[PDB]
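One chain comes next, on its own, written out as structure tokens in the form deposited in one PDB entry.
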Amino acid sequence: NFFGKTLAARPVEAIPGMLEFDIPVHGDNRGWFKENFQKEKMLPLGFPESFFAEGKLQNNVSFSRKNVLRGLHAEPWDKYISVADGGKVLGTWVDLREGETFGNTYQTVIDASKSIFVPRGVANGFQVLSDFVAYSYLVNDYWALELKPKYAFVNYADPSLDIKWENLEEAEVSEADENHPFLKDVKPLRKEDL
């Protein structure tokens, strides 16, 4: 149940537009190999062609140790997330879009044999379960620190959120993540905000 999975997608019913993928990982002598993202194979499974249409592309990589927790971040771009090494995280999502699904959540364990498409407006987070993990993701717009005040965030430790972190009490978080607003102070995102 890590190697040799069939490429396949499942909708995440709580969060419209989100897709969870099984990625084939091929193992041998040396280690392993995957096609982490393959546009031609993934469009027919539901990966949105609208992802690449502005022609923008950026690939970010974080490397985190045990109990690090990063989130929850809902910037105005789409994300394709996966793990790039032998590590594992608890992936956590909260929908911050205006409407009936505001505050809807989903959680799942992500290793290199799973990926997630996260629509713009859905807050993304994770906590590391392994000793360390390489988290790699593709995005279709460009971040700027000076612009950070305009993106949406919600505080990881708000107890009204319908999530359970692996280890909240011992989480290693950034100063920024300690200070994001609680859910009751987040304005839901309209298509106009993305």
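Basically, rigid core = biggest C-alpha set you can superpose within 1.5 Å across the two forms. Residues that one form lacks are left out of the comparison. Numbering starts at 1 and follows the sequence shown.
What comes next is about the form deposited in another entry, which is not displayed.
TODO: Superpose the two forms on their rigid core, then report whether the C-alpha of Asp28 is displaced by 2 angstroms or more between this form and the one not shown.
DONE: Indeed, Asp28 is displaced by 2 Å or more.
TODO: Look at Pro149 and decide if its Cα position differs by 2 Å or more between this form and the one not shown after superposing on the rigid core.
DONE: For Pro149, whose C-alpha is compared between this form and the one not shown after core superposition, the shift is 2 Å or more.
- [ ] Might you say whether the CA atoms of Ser62 and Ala144 end up closer or farther apart in the other form than in this form? Their distance differs by 3 Å or more.
- [x] They are farther apart; the C-alpha distance rises by 3 Å or more in the other form.
TODO: Note whether the distance between the C-alpha atoms of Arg65 and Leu145 decreases (closer) or increases (farther) in the other form, against the displayed form; the change is 3 Å or more.
DONE: Compared with this form, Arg65 and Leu145 lie farther apart in the other form.
Task: Once both forms are overlaid on the core, stretches between this form and the one not shown of 3 or more residues with C-alpha shifts of 2 Å or more - done: Moving regions between this form and the one not shown: 28-30, 143-150.
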